[PDB]
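Visitor: Provided hereafter are the protein sequence and its experimental coordinates.
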Amino acid sequence: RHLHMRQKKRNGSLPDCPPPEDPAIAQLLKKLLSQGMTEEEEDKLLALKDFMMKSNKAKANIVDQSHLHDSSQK
Amino acid sequence: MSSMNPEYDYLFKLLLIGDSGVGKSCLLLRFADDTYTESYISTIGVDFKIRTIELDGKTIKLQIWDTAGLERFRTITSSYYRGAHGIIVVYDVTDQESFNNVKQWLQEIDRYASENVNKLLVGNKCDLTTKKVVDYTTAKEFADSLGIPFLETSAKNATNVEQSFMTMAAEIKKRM
Ligand SMILES: Nc1nc2c(ncn2[C@@H]2O[C@H](COP(=O)(O)OP(=O)(O)OP(=O)(O)O)[C@@H](O)[C@H]2O)c(=O)[nH]1
């Protein structure tokens, strides 16, 4: 959501953009940008939005099953 | 009572462990020989250097051991930990995998080292700020979560290198 709003500011579709509201988002934004996140990678990340969201939700759902196999991971 | 060498009161065997390329040999060389070099020779088995230091007026002899970090020269059971007074776990602050494997190095300590051996997490290569991946807060949270002291360092620039080993020597004296 924050990145999508930054896209609107980047493409001239919004006047200006405030910093994220929850510090965990600013901490992540800081991490991403300080690691060399180019503006084109922000656009590409936003195109992968649906994939990353669905996939992250599915990865979490497997972690919700990792309690059933906690003994075999050792 | 026991015999006591006139030159040194305490013999503290230190040991360096961690993934390959984290800078264990560089840290050992920078501390015991004030030398650094870009030439990488993958350590095999064991190496050690002795450095004599002084803390709280006590002459402390440190025997610092550098173990091979590569997969091929490692084994499930290890007998280098046996008799170590303190163990430094090094990781490369520019490689998250070396930091992640710290969890796995710790369980080796709890299995083969002395039951209450001193531990110290060291984050070498702190000079590569443009390439660093772990946050100092990420490491501190993890080190404090286990109560192990921690010091980010750089064998290249001597940054905190001396202090890292001196801190463990002090911690061992504190333990005994
Ligand atoms: N920039 C930077 N590079 C370092 C530093 N320390 C080590 N290196 C680099 O990493 C390479 C390997 O360092 P080593 O100390 O041999 O790594 P190691 O932990 O001993 O690896 P093994 O001997 O295989 O266990 C060195 O040749 C340097 O190029 C450091 O403090 N800063």
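Guide: That came in fine, so what should we check first? Numbers count the residues shown, from 1 in each chain, chains lettered A, B, ... in the order given.
Visitor: what are the ranges of the helices in the chain?
Guide: Defaulting to chain A. Listed in chain order, the helices of chain A (DSSP state H) span residues A:2-10, A:23-34, A:39-47, A:49-63.
Visitor: Hmm, no, I was thinking of chain B.
Guide: Ranges of helices within chain B are B:24-33, B:96-100, B:102-112, B:136-146, B:161-175, based on DSSP H.
Visitor: Could you measure from the closest residue in space to residue B:10 that isn't next to it in sequence over to residue A:46?
Guide: Closest residue to residue B:10 in three dimensions, ignoring its sequence neighbours and counting by Cβ to Cβ, 6 or more residues apart in numbering or on different chains: residue B:60, at 5.1 Å. Placement of C-beta: from N, CA and C, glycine included. With distances taken as Cβ to Cβ, to the nearest Å, residue B:60 is found 57 Å from residue A:46.
Visitor: These two: which has the busier surroundings?
Guide: Neighbour count, other Cβ atoms under 10 Å in any protein chain shown: between residue B:60 and residue A:46, residue B:60 has more, with 20 against 14.
Visitor: these two touch, right, that one and residue B:8?
Guide: Yes: Residue B:60 is in contact with residue B:8 according to Cβ atoms under 8 Å; the separation is 6.9 Å.
Visitor: tell me, what's touching these two both at once?
Guide: residue B:52 (Cβ atoms under 8 Å, 6 or more residues apart in numbering or on different chains).
Visitor: Can you tell me the closest non-neighbouring residue to residue A:6?
Guide: Beyond its immediate neighbours in the sequence, the residue positioned closest to residue A:6 (Cβ to Cβ, 6+ apart) is residue A:17, lying 5.6 Å away.
Visitor: need the contact list for the one you found.
Guide: With contact set as Cβ under 8 Å, 6+ apart, residue A:17 has these partners: A:5-6, A:8-9.
Visitor: Identify the bridge partners of the residue nearest to residue B:10.
Guide: Taking DSSP bridges as the rule, residue B:60 bridges to residue B:10, residue B:53.
Visitor: From residue A:4, how far out is it?
Guide: Remark: distance between residue B:60 and residue A:4 (Cβ to Cβ) = 59 Å.
Visitor: quick one: contacts for residue 39?
Guide: Using chain A here. Residue A:39 is in contact with residue A:10, counting by Cβ under 8 Å, 6+ apart.
Visitor: I was after chain B.
Guide: If you count contacts by Cβ under 8 Å, 6+ apart, residue B:39 has none.
Visitor: Distance check, it against the ligand.
Guide: From residue B:39 over to the ligand the distance is 6 Å, taken as Cβ to the nearest ligand atom, to the nearest Å.
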